[PDB]
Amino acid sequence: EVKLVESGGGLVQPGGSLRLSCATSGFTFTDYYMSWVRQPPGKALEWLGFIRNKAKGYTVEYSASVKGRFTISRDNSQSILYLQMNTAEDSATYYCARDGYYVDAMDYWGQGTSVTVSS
């Protein structure tokens, strides 16, 4: 049974930093890519970036919207994905999802974690 679980979301304020976590299981973690997708309340899904698998070298990719400010890390021994957010529009529900060049899609998703922004 595949599992993805996001956590580490809450209230913050622009310029600040927030660390998001995605504990996984039920599959060979290192065999798959891992993408982060967000969704502002009542808006569309937005792909933020992913980190490739074992054969690819765990290299990372980003969307122009978050590139630089955001960074994506993974723990190949514990099978946990990370989204290190740095620095009003970033507010949203944050989903981590299993990705890869097998089906070229995110075939498994977490339940997301809410990130708000209030002074």
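Don't overthink the numbering: it's just position in the shown sequence, from 1.
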Report task. Using the PDB record, quantify the missing residues of the deposited sequence between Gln78 and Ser79 as none, 1 to 3, 4 to 9, or 10 or more. Result -> none
Query - Greater mean Cα temperature factor according to the PDB record, 102-110 or 21-29 - result: 21-29
Report task. On mean C-alpha B-factor from the PDB entry, just flag whether 6-14 or 93-101 is the higher one. Result -> 6-14
Report summary line: From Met34, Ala88, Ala44, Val60, the top C-alpha temperature factor is at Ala88
**Report entry** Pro40 CA temperature factor, ranked by third within the chain
**Finding:** middle
